[PDB]
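Naming: A, B, ... by sequence-line order, numbering from 1 per chain.
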Amino acid sequence: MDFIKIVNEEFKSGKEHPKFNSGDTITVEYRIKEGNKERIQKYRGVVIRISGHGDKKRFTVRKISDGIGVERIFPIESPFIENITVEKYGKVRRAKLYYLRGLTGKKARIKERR
Amino acid sequence: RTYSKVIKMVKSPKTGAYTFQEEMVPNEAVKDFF
Amino acid sequence: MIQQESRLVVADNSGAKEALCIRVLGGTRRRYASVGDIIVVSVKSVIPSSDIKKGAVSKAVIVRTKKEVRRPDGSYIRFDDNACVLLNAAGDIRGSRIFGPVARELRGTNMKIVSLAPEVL
Amino acid sequence: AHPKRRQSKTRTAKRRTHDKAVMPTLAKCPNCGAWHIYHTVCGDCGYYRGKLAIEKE
Amino acid sequence: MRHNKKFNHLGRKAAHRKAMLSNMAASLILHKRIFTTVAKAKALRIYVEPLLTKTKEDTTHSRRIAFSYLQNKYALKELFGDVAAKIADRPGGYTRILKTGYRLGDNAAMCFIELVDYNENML
Amino acid sequence: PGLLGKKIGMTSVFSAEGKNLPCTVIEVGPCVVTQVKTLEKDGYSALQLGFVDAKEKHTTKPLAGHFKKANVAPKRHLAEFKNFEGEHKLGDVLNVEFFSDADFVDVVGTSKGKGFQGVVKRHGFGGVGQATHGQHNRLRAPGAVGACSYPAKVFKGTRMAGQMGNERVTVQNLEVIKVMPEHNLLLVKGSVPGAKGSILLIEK
RNA sequence: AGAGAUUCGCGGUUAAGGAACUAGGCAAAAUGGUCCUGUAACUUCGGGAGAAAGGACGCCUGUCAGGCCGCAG
RNA sequence: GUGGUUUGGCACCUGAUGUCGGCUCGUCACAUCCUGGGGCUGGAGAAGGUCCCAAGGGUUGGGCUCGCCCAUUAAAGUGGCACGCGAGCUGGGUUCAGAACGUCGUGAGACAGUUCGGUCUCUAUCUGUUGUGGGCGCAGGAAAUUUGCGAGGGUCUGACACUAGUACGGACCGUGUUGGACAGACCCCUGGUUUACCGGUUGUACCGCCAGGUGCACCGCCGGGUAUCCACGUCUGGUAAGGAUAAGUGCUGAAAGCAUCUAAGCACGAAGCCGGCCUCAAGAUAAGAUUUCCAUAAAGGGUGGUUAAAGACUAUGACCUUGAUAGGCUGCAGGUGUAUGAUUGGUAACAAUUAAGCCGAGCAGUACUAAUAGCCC
Ligand SMILES: [K+]
Ligand SMILES: [K+]
Ligand SMILES: [K+]
Ligand SMILES: [K+]
Ligand SMILES: [K+]
Ligand SMILES: [Mg+2]
Ligand SMILES: [Mg+2]
Ligand SMILES: [Mg+2]
Ligand SMILES: [Mg+2]
Ligand SMILES: [Mg+2]
Ligand SMILES: [Mg+2]
Ligand SMILES: [Mg+2]
Ligand SMILES: [Mg+2]
Ligand SMILES: [Mg+2]
Ligand SMILES: [Mg+2]
Ligand SMILES: [Mg+2]
Ligand SMILES: [Mg+2]
Ligand SMILES: [Mg+2]
Ligand SMILES: [Mg+2]
Ligand SMILES: [Mg+2]
Ligand SMILES: [Mg+2]
Ligand SMILES: [Mg+2]
Ligand SMILES: [Mg+2]
Ligand code: NA
Ligand code: NA
Ligand code: NA
């Protein structure tokens, strides 16, 4: 009789997604309201952090846009995520890749798993 | 402009004089007030 | 989270390169400005042969923040820099190009002409 | 910093009202027939709750 | 405030506290009963029961994990020898603390902590 | 009118329009009427409600007789509520469906206890001077506590160090997200005073 | 010996901003090694000068190159 | 005429009443800066100007040291409180010994002057204030739930949109939407801490050695980090005016056949007053009310034990064996990030497979350990 679990199960939102961890390159398709239209925006980048409990987790994705680094935090239960696709699987040695912030060009590459 | 001022005369409860009571109401809602 | 004496990149094709925040507009003791907020700036460095002069007091709208911004749908966005766009007295863009991405919050800040941006995130 | 006046005997004794030695919490242990502190090992026999806890030769 | 902070610092720096707990654990393993202060015994219990549980896996890995805490080879040998066979199939609660009295020099509350399976009289 | 509750914890859910709502879960639980207070006898109208099931081991003889008169099983927590629409008798049972038509509720609780706190945490004092520039030992001091010989006293109500928290607090106008009768659950938007497991009063 | 309130002493970390503090950048932070490049005004021709500004640095293999690991040598 | 807030007059208090600005913390007045309500206008509207009532709440950050300037804001009010506040801070200025310049003096030295440097002591007795207990009282003893005599807190405000570019450039009134500041609570989110914990790595020492560990070097350094505690985070609040009024607006109406808001009566009319909202609150000795129980084991308690999201000590809460109170144990959420060994590869440094391993302040289950009804009212 865990009331928090009951509440989470009744209010469960979102969809199942393919497994991924920090260091993987993923594309997130996000629904956006541009006034009155329904658009899908694609955001591709590296997962640098996952944190939280169970289905209430949040993941941070980092990308480079016009030479300006961008980070986006998504709730993995968010109903605005329409699809997640894992492009490349990474090989890292730690859970949080905060060191990627101070790196650019060939210095910020991540080794592939296979 | 559906709002409207509504003032109604009513006898006083402590003196006994026809005092006024005012409120704003919708245009269609004036029937319930008066 | 931009306050007085914070230095910002100028993200348009006007002459200014860097700007210093003089004041955050909007009320007494209003400390911080975020994306879509209007600030007063002093221009700190310009390109050679720049239309705007060094030391010119101007208005600007913040378009990128290093500190993360929360959206009502539970998402957050943060950038690697702090960037603003200069405005004239009428409240319009002083330049003609925008460099780098801008926050999606600028759509509702009555600042639709920043749709010159390469990408709205 | 400094007492403006010396305290009277009355004032000193009134403050000392709450200075008291504490009585120990003593149980009887009716078998051995002598005092010991409640929730401790009976130091004479070495028993505790009717079981030999400490054996003395 | 110390809301939900669940270990006693025992008036020591962290390294001193860890060294003292290690020494106490070796002493308790070597001599099956020791006399201490009540607060030190209560801290030692939480420290020392996981170490005794680790002997339920008779492996080189578990021996090395236990040695990382003990750093005493005599205590390690006794622990993975006799103590393990004695506390086998006991589901926790290997130790017992009983209060005895007070010291003369500082009125400290004193007790003894012992391994339960080595007190035949208390079973 | 209202009911007694127990704070379970916080979570965050998604609404129908896609808004991340912080949420407090409360077990409102079956409350039994244990005494009806009337104008004729008590001088005011109220209902006494009991919340958490107790045992005879933890019920004293006076309270045991009180519950025996009410003809209910003994309860742990008792509280009084007024202005109840509809008549209720001795031993009636009220559940979380009592809030099934409320948009907003009031929650009374006991806040977390901080113990003795200084002026900086308790009252937001700015501290004396800076960390450097000649500071000796007044970084968290109160400063002056009065004026010179003219008042020649510290005024009543001067803000000083002392006990902070562990007191009764009311949070107004918390939106109700969902009533869950099958588990006696109430979901409110926002936070309520106290730690998990504390007893709350929930007023409609 | 306990306990781990306030407050002080000596230390550690800190989002975003970066002297806005203050009489005053006081204190703290920062700089820091070896080798190799490269060093302005001025000068009493000795200096200024370690000016300033850059690059390399771990381990293994082979006669400086090839490889290996880490956020960081 | 009033004030005592300027320059003065007097010399009544003073074996020390010891110091200008700034900081911190306030408190009061109203001679009102903003917000609220009105009269007059040389008030078309819109801006204003002057006067009246009104002290509830607000009343910025900088470059310079009363004042000037920069950028704001609804606004950046004036005064009292030993020109509030140094047993609360500071030490820039001022009072001191060093030194220099200008000027005066034969000189020692001096100054309507300037310049660089120059020890801020005290363990809080009484009262005061903020918190927290013990005793007794309240008709004999108690467990709960309470009424409210009273006290304290709270009280701010912007920009938009429609009405309507209409009434007369540009409205009053009316309605709706989002901000700033402040306060309370809270930790799901974001962010911080996290000398619990996990990993990487330099030097050195020890276990012949190796492997694997461990001590010390700021926690050696470095990268992360649960609970807790937090703000940079999140929720919630401040409205309106129920009653009586202020300045003012009026009805009817004499003294005074007219007039007149008043003398008899009666409507109105402010962020101001009393309430409403929140917290405390029967030592409110005027010690209140209701329900229930009433002496000894566990009617009520105390001492004691296991402890806590409760706490300086206390007090408060839970549990004390027909017991889940704390620990352990068995599982999970979760932190770290792939151990030890064995193979397979590589000449090697190393890589890959295998189970990761370690921890788990949180959650659930479970009497293994500890919680003896002993002693005293
Ligand atoms: K006085
Ligand atoms: K930083
Ligand atoms: K300055
Ligand atoms: K948390
Ligand atoms: K944490
Ligand atoms: Mg005493
Ligand atoms: Mg200490
Ligand atoms: Mg507490
Ligand atoms: Mg400070
Ligand atoms: Mg000093
Ligand atoms: Mg100091
Ligand atoms: Mg910082
Ligand atoms: Mg300043
Ligand atoms: Mg210095
Ligand atoms: Mg005379
Ligand atoms: Mg004297
Ligand atoms: Mg003064
Ligand atoms: Mg002083
Ligand atoms: Mg003083
Ligand atoms: Mg001299
Ligand atoms: Mg000097
Ligand atoms: Mg150390
Ligand atoms: Mg040494
Ligand atoms: Na001369
Ligand atoms: Na009685
Ligand atoms: Na646990």
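Between the CD atom of F:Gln35 and the P atom of H:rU292 there is a distance of 8 Å, given to the nearest Å. We find that OH of E:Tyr69 is positioned 15 Å from P of H:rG357, with the value rounded to whole Å. The separation between E:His61 atom NE2 and H:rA356 atom P is 12 Å, rounded to whole Å. One can place NZ of F:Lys189 at 19 Å from P of H:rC186, the figure rounded to the nearest angstrom.
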Whether each nucleotide of nucleotides 309-320 of chain H has a protein heavy atom under 4.0 Å at its base (B), only at its sugar-phosphate (S) or at neither (-) is summarised, 5' to 3', as BBBS-----SSS
Treat primed atoms plus P, OP1 and OP2 as sugar-phosphate and everything else as base, then score nucleotides 329-335 of chain H 5' to 3': B for base contact with protein heavy atoms under 4.0 Å, S for sugar-phosphate contact only, - for none.
S---BS-
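Closest contact between the side chain of D:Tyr38 and the listed nucleotides H:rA373, G:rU7, H:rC187 involves H:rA373. Among the nucleotides H:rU340, H:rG184, H:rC189, the one closest to the side chain of C:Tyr76 is H:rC189. Among H:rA82, H:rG300, H:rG305, the nucleotide with an atom closest to any side-chain atom of F:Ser149 is H:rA82.
Applying the 4.0 Å criterion to OP1 and OP2 of G:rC71, one finds that A:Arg94 has a side-chain N or O inside that range. Within the structure, every side-chain polar atom (N or O) of C:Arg78 is placed at least 4.0 Å from both OP1 and OP2 of G:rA16.
Nucleic acid contact for E:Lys42: sugar-phosphate only, since backbone atoms but no base atoms lie under 4.0 Å from a heavy atom of the residue. Residue contacts shown for F:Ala46 are absent, as no nucleic acid heavy atom lies under 4.0 Å away. Within 4.0 Å (heavy atoms only), F:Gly157 reaches sugar-phosphate atoms of the nucleic acid but no base atom.
Between E:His9 and E:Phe7, the ring planes lie parallel to each other; the angle is under 30°, not in the 30° to 60° tilted range.
Side-chain contact check for D:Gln7 and D:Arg15: at least one donor-acceptor pair (N or O, by modelled atom type) lies under 3.5 Å.
Comparing F:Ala141 and F:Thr132, the nucleotide of RNA chain G nearest to each residue sits closer to the 5' end for F:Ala141.
Evaluation of the side chain to side chain donor-acceptor pair (under 3.5 Å) test over residues 42-53 of chain E, restricted to residues two or more places apart or in two chains, returns E:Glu49-E:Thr95, E:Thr53-E:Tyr94.
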